[PDB]
Each structure stands twice: as C-alpha cells, then as structure tokens.
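Asks: Could you have a look at this structure, given as structure tokens, before my questions?
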Amino acid sequence: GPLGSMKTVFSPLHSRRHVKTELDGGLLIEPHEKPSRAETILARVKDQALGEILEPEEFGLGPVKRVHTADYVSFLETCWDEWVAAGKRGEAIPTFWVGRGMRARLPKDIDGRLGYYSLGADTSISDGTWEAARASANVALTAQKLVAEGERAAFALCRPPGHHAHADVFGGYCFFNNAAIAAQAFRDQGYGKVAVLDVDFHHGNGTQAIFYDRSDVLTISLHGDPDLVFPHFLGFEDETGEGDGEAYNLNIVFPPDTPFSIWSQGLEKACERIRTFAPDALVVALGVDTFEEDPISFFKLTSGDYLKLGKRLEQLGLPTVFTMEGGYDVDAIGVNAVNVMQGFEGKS
Amino acid sequence: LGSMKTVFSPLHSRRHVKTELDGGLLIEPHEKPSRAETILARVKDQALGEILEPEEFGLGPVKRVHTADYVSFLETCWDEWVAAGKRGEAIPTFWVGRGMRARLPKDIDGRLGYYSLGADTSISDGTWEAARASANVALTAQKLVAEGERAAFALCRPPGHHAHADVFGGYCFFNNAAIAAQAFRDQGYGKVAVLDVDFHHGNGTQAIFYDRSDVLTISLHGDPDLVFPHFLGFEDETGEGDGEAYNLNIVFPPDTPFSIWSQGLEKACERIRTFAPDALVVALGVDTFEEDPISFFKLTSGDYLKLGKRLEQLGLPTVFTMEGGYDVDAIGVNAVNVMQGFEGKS
Ligand SMILES: [K+]
Ligand SMILES: [K+]
Ligand SMILES: [K+]
Ligand SMILES: [K+]
Ligand SMILES: [Mg+2]
Ligand SMILES: [Mg+2]
Ligand SMILES: [Mg+2]
Ligand SMILES: [Zn+2]
Ligand SMILES: [Zn+2]
C-alpha cells in the first residue's frame, strides 16, 4: 500500500465472545471487555482509510501451542461444555483456586480445573469463548505473516486481548497470549531476536512469564504500579528475568495521575533498551487504557498523545506488529487506537 | 444419659452475609446463622448439659496458629473495602495464580486474593467479631476439658478447618480446631490428635501441623478430585520432614454410606490408638448427611449416634468443634446425636 498506510487484520468471530457477567466489587456487572470495543476501532480504521482490512487465515493450534501448554489448550476447548454438563446455571467463573500452601495438582472436577487454570474471577467463559480466542490468535498470526512477507507494520485488531495469559493460565480478560504467539512465530521463522513492548496500562504478566528465562525475546512493560492495580503479583521493577533471561525483562512502573509528559520518559527508557537489544522484529502489545477517561485505569494520556506514541515507535525502525489489548472508554477507543497507527504512519 | 457442656456465643449472628458466589451466580449463602440456632435449640431441648458463653482469651492463642499479618488483615478488610468504594460484599476477584509471586500488595483487592483460597466466603460487617467469638468458643471448650470435663462441645460459627495460618476460605477464617489443639500443647499436653469427620478435607488443619509430629492430623472426606478443597486432601499426603507419617487422609467416593465410611473411621481410630495422644480434638461436620445440599455421602441421622459412641471409646479428653452441615432441618438432630451417642444414647 502507499506510504502512510497500514493494513489491519480483523475477525468478525470476535463477536462469538459476548459474556453477560463480570465479577467486580462483589457484584456481577456488565463486562468491560465488550464487543463494541472492536467494532468501534474497526469503524475508525475504515473511516480514516488507514489501509486494507483483511480477515485472518487459519493457522491451527500449532503456533498457539508453541507458547501455551497442550493441557491448557484442551481445557479451553472443553471448559464450557463441561460446565453446562455439570449443572451450573451461570457463566463459567472460578470459585476456588490453588491457594498459598496447596498443591499445584490438576483435579478431575471442572470447578477445580477452572481455578487451576486461572488467576482471577472477572473473566467469565461462555459459549463462543473458545472460537473467539482462536480467531484472535489467528488475527495476530496473520498480522505477523503480513510483516514477515514485506509490510513494515500491521495492526492485529485482536479481541479478546492476550497479554495477561500465561502458558497455562487465563485471566485479565485474556486467554491466548496473542503478542507472545506473534513473537514466537517471528522466532520460528528465523528472526534471531524479538522485542515485545507492552504499552497497555496494565503489566503484561503473561508475556513476561512466557519468556522470563530467555534472552532471545526481550519483554518490556510500562504500567500502573501493581501494588495498586491488577495484576498485583507481578510487574515490579525488581523482576529482571531468571537464568539465561536475566537482564532481558524490564518493568517500568508509574503512580496514579501520570500524564504523557512523565510516561514518555519511561517510553524513552524502553526505546533505549530496545536499541541496545537490537531485535530483528518488534511486537507492540497496544492498550489505550492509559487514556485519561479510562474507567478502570489511572493514567492521563490524551487522544493526541497517541499520535506521538505512534510516531516514537516508528522511529525505532523495526518490522512491527501491533496487537490490541485493553482500552475501555468506548467513545474514544477508536480515535485513540487508530491515532497510534496514524502517528506511526506520519500523521500530525 | 451422661451430660456434656456446650459453649455458644450469640455473637455468631454478627456474620450474616447475603451473597455467595456459586456456579457463576450470587446465591443465598449455605453457611447461615440458622445452622447454629437450630443446633442450640436441640441442645436445650435434649437437656444435653449446661450451656456457657465463651470467655475472652484475646488474640494470643489465635496467633499461636495464625500469622500476625493475617489477623490484622481480617480486622481491617471490611473497612478498607468500603473506603475503597466497593458496593458489594468483600469477595476476591484476583489471586496469586500459578507463576506469580507470593508478594503482599498494598491494594485491598490484592490482599483479599493473597489471603484467600476461594471466592465463596464473602466478608462483611461483623465477620471479624463473629470469627473472634468462634475462636473463643473453641478455647473455652478446651479450658473446660483441661479443667476436668471429659468432653465439651464448641458450637462454633463460623467454622474453622479450611483456614490455613494465613489463608481464609471454605466459610472459615480462624482454625478453631487447630487453635484448640495448640492450646492443649501449650498447656503441657505432649501429644494431640485432630480427627476431622466433616465431609470435606480439613486442609487448613493439615497445613498448619504438616511438618510436625506432636499433632497427628487425620481427615475422612470426599475425594478432592471431585470436591472442595481440590488441591489438598489426597491419600499420598502423609506429612513433611519430621511430620512424615503424622498426617492421614482417608478418601471416599460419591454415595458412600456409614457401613463403608465407618471402616475408614476404624482405621483412623487405630492410628490414634498407636499415636496415644493426651487430648483429642474432633472437627465435627454433619455434612456427611444423606440430604446435605453440597456433599455426597449417605449417613443417616441414626449413624451420628454410632459415631459419637465410637469416639467415646477412644477414651480421651475430647473437644468437639462444629464445622460444616447444611441441611438445616436435620442439623440439630444430627449434631446433637453425636454428643448424645458420646454420652451413651443408642
Ligand atoms: K503495559
Ligand atoms: K525475556
Ligand atoms: K474431614
Ligand atoms: K502433623
Ligand atoms: Mg465441582
Ligand atoms: Mg483495587
Ligand atoms: Mg432435610
Ligand atoms: Zn490494560
Ligand atoms: Zn464440610
């Protein structure tokens, strides 16, 4: 496509995930991660003529299982059917989990397995969750293929998001780690080193965990202080990797009310870390829940700041896949996410 | 025929939560105040023995079992929850998933998950007061036995046996049975056995004494592959370190009746005989009952008389702590039948 354009991959199958309940503050509420998020971004991609929009190819479970365990993939496929067959009347929500002092032992019971495979209770599973998660991973893999076959960049309009999912744990509205799947696909195709930069408001705990003992995939996240927000139990600045991965994970933490003038100092530190890592490809886990009107987050970026973010990311000079993560003010989510892509393409 | 004293606190009614997460829905809680009131009414109706209010022992004996940080959390959780703007009862949303750090966070939601093993045990106003009262009920029962009674009935509510040193869940906050067992040890009883006949595994009691040989922990329960607590309670868990061979789990499948369950009871009694303890704590649940709404054994009301009789034959100073049992219209008959069987009713 012409200079100033970027392709977007989008699957209509995201609408197969449309849960009705989310545990929040002790109540079952309307979920934050709703289908209109993807539809609003897509409409803005079309309205601004960002570039070609294409549906994903089907890559099968192979590339997903380069990152996720077979038992976990099997669990996600059967969980809903087993839940209904066991007589439960609500959506599939964990009630019990492996508390501190208990065994990490897989039980037969579906409630037990729900808790074994989860890190939170705000991510209901229902009919179509499996199909939407599969399509979202294929969206990311199709974007990776576009870039591997010649595009400078591509936008993977993933829903559900991915960066909170571990090799065998779901939560934070995520099931398959689309960013990690794209990064591993780059590695499997002969890209020697890959960086994953997580600019979503929340820590990419799943991505950090998946590559934690590796030096061939650099993981960086900017996020709200986990002492104060999800995911609470990872994301601290003292987590720098393990074994061969020591010095190849970087967390940058910010307090409530942080604006772009401060957040972008952390962005500059992340970009300098990417420069010294010198990767062959970049995956950006993009959330716009850093926005000043986001209902669940406490940074203060403006819509115009997303143009600046995209410009700065283009200056890294790397083949780049963007995977859509969070962002919950639906009025502005399309403007904000597409502003990143437009800034990358030279707008403003 | 014989008499047994019962300790009961009216402060149990301070815990009266409205919601329990169950099957993806917020339902009426199973662990409800009428459980304790129905048992107490039957204790009075049968003239089992004197009924006493608990003494206030303070937090010393509780902190012999539970960590100071956990005890502090339980006192402030509800106030912090309300001040943070939450509109429901206090229920964990996130926890330490496999692969995350066991690191205590500042946030109240984060601490709720750190200190819990499940989301079915809502916290609200008065939970702290009722949990403190329930531990005092167990400690008063232990005092009665140490001062000469053969046995005493601690009519605890909330129950206790699923609580670890620093984890609440399964309707439990303080491990009343563990607190009573440790009180026996602290008063010079060299060996103590804790026998858990509740339908569910006493995972908290197991964890608290797991590396210890001075407190023998035995539980009969439904197979954790199939029921709470799922991640402890298996027969291969026999202890750790010096505690090796001082934990015994006996597991049964759905539909198990007393004629089979009592064979496991006999194996537990033989292990207790060779251990030869100086005191016995029985974590007593009657959710082994054939009509219990969340459990799958098939004991009848008359079987609880036989259970009480068999426990008396151990010949030990015995504290009964009330745990589960959720078929309310039979809970009084069932629980008091254990005490009356202990005293000689058949
Ligand atoms: K982030
Ligand atoms: K790494
Ligand atoms: K038991
Ligand atoms: K033990
Ligand atoms: Mg179950
Ligand atoms: Mg919070
Ligand atoms: Mg009944
Ligand atoms: Zn986010
Ligand atoms: Zn029970």
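Asks: Going residue by residue through region A:95-111, is there one that turns out to be in contact (Cβ under 8 Å) with a residue 60 or more places away in the chain and either assigned to a helix (DSSP H, G or I) or away from ligand 9 (no atom under 16 Å from the Cβ) (or both)? Please lay out each step first, then the result.
Replies: Kept after step one, since they are in contact (Cβ under 8 Å) with a residue 60 or more places away in the chain, are these residues of region A:95-111: none.
Within region A:95-111, not a single residue is in contact (Cβ under 8 Å) with a residue 60 or more places away in the chain and either assigned to a helix (DSSP H, G or I) or away from ligand 9 (no atom under 16 Å from the Cβ) (or both).
Asks: So, one more: Can you give me the number of residues within region B:122-152 that are within 30 Å of residue B:81 (Cβ to Cβ) and either within 14 Å of chain A (Cβ to nearest Cβ) or of a type in the set (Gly, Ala, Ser) (or both)? If you could, list the steps in order and put the result at the bottom.
Replies: Quick first cut of region B:122-152, residues within 30 Å of residue B:81 (Cβ to Cβ) only: B:122-139.
Remaining after also requiring either within 14 Å of chain A (Cβ to nearest Cβ) or of a type in the set (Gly, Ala, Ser) (or both): B:122-127, B:130-131, B:133-135, B:138.
The total comes to 12.
Asks: Follow-up. Report those strands (runs of 3 or more DSSP E) wholly inside region B:4-90 carrying at least 3 residues which are more than 30 Å from residue A:110 (Cα to Cα) and in contact with a helix residue (DSSP H, G or I) (Cβ under 7 Å, 6 or more places away or on another chain).
Replies: Values: elements: B:5-7, B:20-22, B:25-27.
Qualifying strands (runs of 3 or more DSSP E): B:5-7.
Asks: Residue pairs, Cβ under 6 Å, 6 or more apart or interchain, first in region B:161-179 and within 12 Å of chain A (Cβ to nearest Cβ), second among the hydroxyl-bearing types (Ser, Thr, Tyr) and assigned to a strand (DSSP E or B). List them.
Replies: Cβ pairs passing all conditions: B:168/B:116; B:169/B:116.
Asks: Ok, one more. Taking the condition of being among the basic types (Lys, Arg) and either touching a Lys or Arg at 6+ places or on another chain (Cβ under 8 Å) or surrounded by 19 or more Cβ atoms within 10 Å (Cβ to Cβ) (or both), how many residues in region B:28-38 meet it? Walk me through it before giving the result.
Replies: Let us first name the residues in region B:28-38 that are among the basic types (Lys, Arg), namely B:32, B:35.
After this cut, where a residue has to be either touching a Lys or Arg at 6+ places or on another chain (Cβ under 8 Å) or surrounded by 19 or more Cβ atoms within 10 Å (Cβ to Cβ) (or both) as well, the list is B:35.
Residues that pass the stated criteria total 1.
Asks: Away from chain A (no Cβ under 14 Å) and more than 16 Å from ligand 5 (Cβ to nearest atom): is that true of residue B:304 in this structure?
Replies: Details: away from chain A (no Cβ under 14 Å): yes; more than 16 Å from ligand 5 (Cβ to nearest atom): yes.
Yes: the conditions hold for residue B:304.
Asks: Any idea which residue in region A:220-265 is surrounded by the fewest Cβ atoms within 10 Å (Cβ to Cβ), counting only those that are of a type in the set (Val, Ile, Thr) and within 14 Å of another protein chain (Cβ to nearest Cβ)?
Replies: At the first step, the residues of region A:220-265 found to be of a type in the set (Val, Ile, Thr) are A:220, A:229, A:240, A:252-253, A:258, A:262.
If we keep only those that are within 14 Å of another protein chain (Cβ to nearest Cβ) too, we end up with A:229, A:240, A:253.
On the way: A:229: 21, A:240: 14, A:253: 18.
The qualifying residue surrounded by the fewest Cβ atoms within 10 Å (Cβ to Cβ) is A:240.
Asks: A further question follows. Could you list, in sequence order, all residues of region A:210-219 that are away from chain B (no Cβ under 12 Å) and either within 7 Å of ligand 2 (Cβ to nearest atom) or crowded, with 24+ Cβ neighbours inside 10 Å (or both)?
Replies: Of everything in region A:210-219, those that are away from chain B (no Cβ under 12 Å) and either within 7 Å of ligand 2 (Cβ to nearest atom) or crowded, with 24+ Cβ neighbours inside 10 Å (or both) turn out to be A:211, A:214, A:215, A:217, A:218, A:219.
Asks: Search region B:284-332 for residues being of a type in the set (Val, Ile, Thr), part of a loop (DSSP other than H, G, I, E, B) and surrounded by fewer than 19 Cβ atoms within 10 Å (Cβ to Cβ), and hand back the single one that is farthest from ligand 7 (Cβ to nearest atom).
Replies: Of region B:284-332, the ones of a type in the set (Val, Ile, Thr) are B:286, B:288, B:294, B:300, B:318-319, B:321, B:328, B:331.
Subsequent filtering for residues that are part of a loop (DSSP other than H, G, I, E, B) retains B:286, B:288, B:294, B:300.
Adding the requirement that they be surrounded by fewer than 19 Cβ atoms within 10 Å (Cβ to Cβ) leaves B:294, B:300.
Values: B:294: 13, B:300: 11 Å.
Checking each candidate, the answer is B:294.
Asks: Turning to a different aspect of this structure: With the requirement that a residue be over 17 Å from the mean Cα position of the chain (by Cα) and among the hydroxyl-bearing types (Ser, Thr, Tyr), what does region B:207-245 give you?
Replies: B:213, B:238, listed by residue number.
Asks: When the residues of region B:165-196 are narrowed to those that are in contact with a helix residue (DSSP H, G or I) (Cβ under 7 Å, 6 or more places away or on another chain) and under 21 Å from residue B:223 (Cβ atoms), which ends up farthest from ligand 8 (Cβ to nearest atom)?
Replies: B:195
Asks: For region B:39-97, which positions are within 14 Å of chain A (Cβ to nearest Cβ), among the hydrophobic types (A, V, I, L, M, F, W, C) and surrounded by 13 or more Cβ atoms within 10 Å (Cβ to Cβ)? I'd like the intermediate steps shown before the answer.
Replies: Of all residues in region B:39-97, those within 14 Å of chain A (Cβ to nearest Cβ) come to B:65-67, B:69-70, B:73, B:77-78, B:80-97.
Still in the running and among the hydrophobic types (A, V, I, L, M, F, W, C): B:65, B:73, B:77-78, B:81-84, B:90-91, B:94-96.
Scanning region B:39-97 gives B:65, B:73, B:77, B:78, B:81, B:82, B:90, B:91, B:94, B:95, B:96.
Asks: Residues that are in contact with a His (Cβ under 8 Å, 6 or more places away or on another chain): which strands (runs of 3 or more DSSP E) entirely in region B:149-248 hold 1 or more of them?
Replies: Working: elements: B:151-154, B:192-196, B:215-222.
Result: B:192-196, B:215-222.
Asks: State all residues of region B:19-30 that are of a type outside the set (A, V, I, L, M) and within 10 Å of chain A (Cβ to nearest Cβ); if no residue qualifies, say none. Quick ask: steps written out before the conclusion?
Replies: Filtering region B:19-30 down to residues of a type outside the set (A, V, I, L, M) leaves B:19-20, B:22-24, B:28-30.
The answer is B:19, B:20, B:22, B:23, B:24.
Asks: Let me ask something else. Which one is nearest to residue A:282 (Cα to Cα) among residues in region A:199-227 that are aliphatic (A, V, I, L, M) and in contact (Cβ under 8 Å) with a residue 40 or more places away in the chain?
Replies: Of all residues in region A:199-227, those aliphatic (A, V, I, L, M) come to A:199, A:209-210, A:217-218, A:220, A:222.
Still in the list and also in contact (Cβ under 8 Å) with a residue 40 or more places away in the chain: A:199, A:209-210, A:218, A:220, A:222.
Values: A:199: 13, A:209: 18, A:210: 16, A:218: 9, A:220: 11, A:222: 16 Å.
Among those residues, the one meeting the criterion is A:218.
Asks: Determine which member of the set B:283, B:268, B:276, B:207 is away from ligand 3 (no atom under 13 Å from the Cβ), away from chain A (no Cβ under 14 Å) and among the hydrophobic types (A, V, I, L, M, F, W, C). Walk me through how you get there before you give the answer.
Replies: On the way: B:283 fails: away from ligand 3 (no atom under 13 Å from the Cβ); B:268 fails: away from ligand 3 (no atom under 13 Å from the Cβ); B:207 fails: away from chain A (no Cβ under 14 Å).
Going through B:283, B:268, B:276, B:207 in turn, the sole match is B:276.
Asks: Given the condition more than 29 Å from residue A:86 (Cβ to Cβ) and either in a strand (DSSP E or B) or within 16 Å of ligand 9 (Cβ to nearest atom) (or both), answer yes or no: does some residue in region B:272-279 qualify?
Replies: Yes: region B:272-279 contains one or more residues that are more than 29 Å from residue A:86 (Cβ to Cβ) and either in a strand (DSSP E or B) or within 16 Å of ligand 9 (Cβ to nearest atom) (or both).
Asks: May I pose another question? Regarding residue A:335, is this residue away from ligand 1 (no atom under 15 Å from the Cβ) and either assigned to a helix (DSSP H, G or I) or not polar (S, T, N, Q) (or both)? I'd like the intermediate steps shown before the answer.
Replies: Working: away from ligand 1 (no atom under 15 Å from the Cβ): yes; either assigned to a helix (DSSP H, G or I) or not polar (S, T, N, Q) (or both): yes.
So residue A:335 passes the test.
Asks: Considering every residue within region B:186-194, establish whether at least one is under 27 Å from residue B:338 (Cα atoms), away from ligand 7 (no atom under 16 Å from the Cβ), charged (D, E, K, R) and in contact (Cβ under 8 Å) with a residue 24 or more places away in the chain.
Replies: Within region B:186-194, one or more residues are under 27 Å from residue B:338 (Cα atoms), away from ligand 7 (no atom under 16 Å from the Cβ), charged (D, E, K, R) and in contact (Cβ under 8 Å) with a residue 24 or more places away in the chain.
Asks: Right, something else. In region A:98-111, what count of residues is obtained for those that are more than 9 Å from chain B (Cβ to nearest Cβ) and either within 19 Å of residue A:206 (Cα to Cα) or buried (at least 19 other Cβ atoms within 10 Å of the Cβ) (or both)? Break it down stepwise before answering.
Replies: Let us first name the residues in region A:98-111 that are more than 9 Å from chain B (Cβ to nearest Cβ), namely A:106, A:110.
Retained after the next criterion (residues that are either within 19 Å of residue A:206 (Cα to Cα) or buried (at least 19 other Cβ atoms within 10 Å of the Cβ) (or both)): A:110.
Here the count works out to 1.
Asks: Counting only residues that are more than 7 Å from chain A (Cβ to nearest Cβ) and part of a loop (DSSP other than H, G, I, E, B), which one in region B:112-121 is nearest to residue A:172 (Cα to Cα)?
Replies: So the residue we want is B:115.
So that you can scan it fast, the table gives a plain yes or no per residue for (1) farther than 19 Å from residue A:40 by Cα; (2) of a type in the set (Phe, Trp, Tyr):
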{"site": "A:265", "(1), (2)": "yes, no"}
{"site": "A:282", "(1), (2)": "yes, no"}
{"site": "A:298", "(1), (2)": "yes, yes"}
{"site": "A:302", "(1), (2)": "no, no"}
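Asks: Further question: May I ask you to verify whether residue A:201 is more than 14 Å from every other protein chain (Cβ to nearest Cβ), within 16 Å of ligand 6 (Cβ to nearest atom) and not hydroxyl-bearing (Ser, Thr, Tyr)? Break it down stepwise before answering.
Replies: On the way: more than 14 Å from every other protein chain (Cβ to nearest Cβ): yes; within 16 Å of ligand 6 (Cβ to nearest atom): yes; not hydroxyl-bearing (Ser, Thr, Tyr): yes.
Yes; evaluated as a whole, the condition is true for this residue.
Asks: Right, next: Just to be sure before I move on: is residue B:320 more than 14 Å from every other protein chain (Cβ to nearest Cβ), within 16 Å of ligand 5 (Cβ to nearest atom) and either within 17 Å of the chain's Cα centre (by Cα) or not hydroxyl-bearing (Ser, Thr, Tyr) (or both) in the structure I sent?
Replies: Values: more than 14 Å from every other protein chain (Cβ to nearest Cβ): yes; within 16 Å of ligand 5 (Cβ to nearest atom): no; either within 17 Å of the chain's Cα centre (by Cα) or not hydroxyl-bearing (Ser, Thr, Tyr) (or both): yes.
Here the answer is no, as residue B:320 does not meet what is asked.
Since every read-out is calculated from the coordinates, none of them should be taken as a lab result. Note: ideal-geometry Cβ built from the backbone for every residue, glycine included; neighbour counts use all protein chains shown.
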